[PDB]
Amino acid sequence: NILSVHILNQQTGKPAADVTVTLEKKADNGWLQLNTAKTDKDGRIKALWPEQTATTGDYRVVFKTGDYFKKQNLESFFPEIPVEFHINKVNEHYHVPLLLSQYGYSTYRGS
Amino acid sequence: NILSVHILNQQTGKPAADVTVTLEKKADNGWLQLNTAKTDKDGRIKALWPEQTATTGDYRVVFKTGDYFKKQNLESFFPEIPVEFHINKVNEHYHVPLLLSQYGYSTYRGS
Amino acid sequence: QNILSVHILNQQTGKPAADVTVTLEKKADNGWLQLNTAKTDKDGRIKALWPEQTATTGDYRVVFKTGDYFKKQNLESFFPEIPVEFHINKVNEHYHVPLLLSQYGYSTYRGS
Amino acid sequence: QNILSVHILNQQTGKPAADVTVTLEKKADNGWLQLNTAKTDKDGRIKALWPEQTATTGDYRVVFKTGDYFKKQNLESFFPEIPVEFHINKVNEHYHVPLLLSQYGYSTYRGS
Ligand SMILES: [Zn+2]
Ligand SMILES: [Zn+2]
Ligand SMILES: [Zn+2]
Ligand SMILES: [Zn+2]
Ligand SMILES: [Zn+2]
Ligand SMILES: [Zn+2]
Ligand SMILES: [Zn+2]
Ligand SMILES: [Zn+2]
Ligand SMILES: [Zn+2]
Ligand SMILES: [Zn+2]
Ligand SMILES: [Zn+2]
Ligand SMILES: [Zn+2]
Ligand SMILES: [Zn+2]
Ligand SMILES: [Zn+2]
Ligand SMILES: [Zn+2]
Ligand SMILES: [Zn+2]
Ligand SMILES: [Zn+2]
Ligand SMILES: [Zn+2]
């Protein structure tokens with residue numbers, strides 16, 4: 001499977017479990033949803049890509065982090081966190097982690 | 001003006017100049033553009049809000065960093081960088097910096 | 001500006017980290033010599049961390065005493081303190097070293 | 001899973017930083033004390049950085065020799081090297097310290 005994401009809560013140093021994440025493909029107009037899943041107990045979704053071959057182009061994962069903090073009775077600057085990325089080789093592995101705090105985050109292409 | 005953004009290029013330790021940044025307002029499960037501007041020689045847009053009172057709700061600034069890198073013949077993982085945030089109080093200041101590399105970034109509410 | 005500014009933004013509150021002790025040291029042979037110590041102000045800033053002596057080129061270290069900052073709030077942190085080592089290759093320039101801070105994560109960089 | 005792992009991701013390439021020297025030191029009574037040194041593999045990893053000797057609680061630091069890493073590519077960096085200090089309260093636990101590296105900025109955290 002060509003896409004994995006995970007969330008590490010930088011305030012606890014522990015994974016953010018049970019966080020909804022969506023995957024969309026950029027279309028000519030707007031976006032098209034490909035999948036949705038929730039991070040597991042290790043804050044991971046190891047296989048977020050649906051059962052379909054990928055094409056080169058732009059994609060967007062959206063980590064629903066607002067809800068995750070809301071459940072802890074915590075406020076956050078971000079209602080959710082979209083990350084847009086480009087696939088240029090269709091059978092490569094893509095890894096998009098999120099390092100999360102209430103009022104800041106980091107994301108990168110992981111190994 | 002209630003919204004400032006700036007971009008620091010972590011690969012040079014210098015500001016990212018002449019980068020286009022849009023501002024959108026959330027409305028009916030879609031987004032509406034309110035303004036667009038370019039970071040100055042210091043990587044800043046001091047006054048990104050249009051000349052109209054802000055309303056509470058969710059907003060999205062989109063840093064056009066894919067284009068910034070492509071002009072330098074540098075590949076980037078991200079075609080652009082959207083950041084969504086809540087504006088709960090219409091008259092206070094919102095500062096949304098971006099720390100930028102080709103394959104990673106950080107954003108946060110600034111002071 | 002002063003040759004050296006530092007500030008701390010608490011990423012968990014989205015507000016500056018006030019009253020955090022920060023030291024400045026110069027590399028001296030295989031060790032370090034303290035040049036100054038100061039505390040972030042109410043905006044999380046130390047606008048002028050260099051003491052009133054001429055800065056020389058070479059390597060330096062700021063240590064953000066963040067373990068203590070979190071301990072006062074009865075919060076645990078992975079880092080007892082956070083050292084950042086950097087170059088001062090040119091004494092005619094301004095050096096800005098921000099710290100973006102969480103209990104189990106941080107970022108630092110050369111700012112403007 | 002080892003008491004201590006570290007890895008480096010070069011955020012300018014989106015690829016691991018290979019063959020980077022990393023030391024590990026303990027905060028002993030007589031000063032900082034080297035316990036081990038190693039080099040990241042082709043995946044940017046040192047999965048087992050602890051020496052064979054039993055770990056105790058206390059303060060430790062890893063120093064990623066990134067200055068050298070960039071100098072081999074004829075690239076400048078703000079940091080001669082990057083120290084990261086951290087607490088080990090439970091010797092039975094796994095401690096992971098990734099470094100996300102750019103020439104003029106980095107991020108670190110306690111990983112899973
Ligand atoms: Zn992962
Ligand atoms: Zn959204
Ligand atoms: Zn693309
Ligand atoms: Zn992966
Ligand atoms: Zn992979
Ligand atoms: Zn700014
Ligand atoms: Zn977009
Ligand atoms: Zn909102
Ligand atoms: Zn501001
Ligand atoms: Zn402000
Ligand atoms: Zn500052
Ligand atoms: Zn120290
Ligand atoms: Zn130097
Ligand atoms: Zn400055
Ligand atoms: Zn690792
Ligand atoms: Zn050192
Ligand atoms: Zn300790
Ligand atoms: Zn690990």
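Indexing begins at 1, ligand by ligand and atom by atom, following the structure's order. Lettering of chains follows the sequences in order, A, B, ..., and the numbering in each one begins at 1. Below, all heavy atoms of this structure are taken into account, side chains as well, without hydrogens, waters or symmetry copies.
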May I ask you to check whether over 12 heavy atoms, not counting those of B/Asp28, lie within 6.0 Å of atom CG? no
The Zn ion (ligand 9) to nearest N/O/S of B/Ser111 less than 2.8 Å: yes
Evaluate the criterion ring pair (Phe, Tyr, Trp, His ring centres under 6.0 Å) for residue pair D/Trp50 and D/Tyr95; output intermediate values, then yes/no. CA-CA 10 Å; D/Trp50 216 265; D/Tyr95 294 88; 8.3 Å; no
If you apply the rule salt bridge (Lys or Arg N to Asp or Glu O under 4.0 Å), what do you find for B/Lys70 with B/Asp67, and how did you get there? CA-CA 5 Å; B/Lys70 182 166 45 279; B/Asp67 292 349; 3.1 Å; yes
Would you name the N/O/S atom of B/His6 that lies closest to the Zn ion (ligand 6)? ND1
What N/O/S atom of C/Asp59 is the closest to the Zn ion (ligand 13)? OD1
Can you tell me the N, O or S atom of C/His87 that's nearest the Zn ion (ligand 13)? ND1
CD of C/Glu76: more than 12 outside heavy atoms within 6.0 angstrom? no
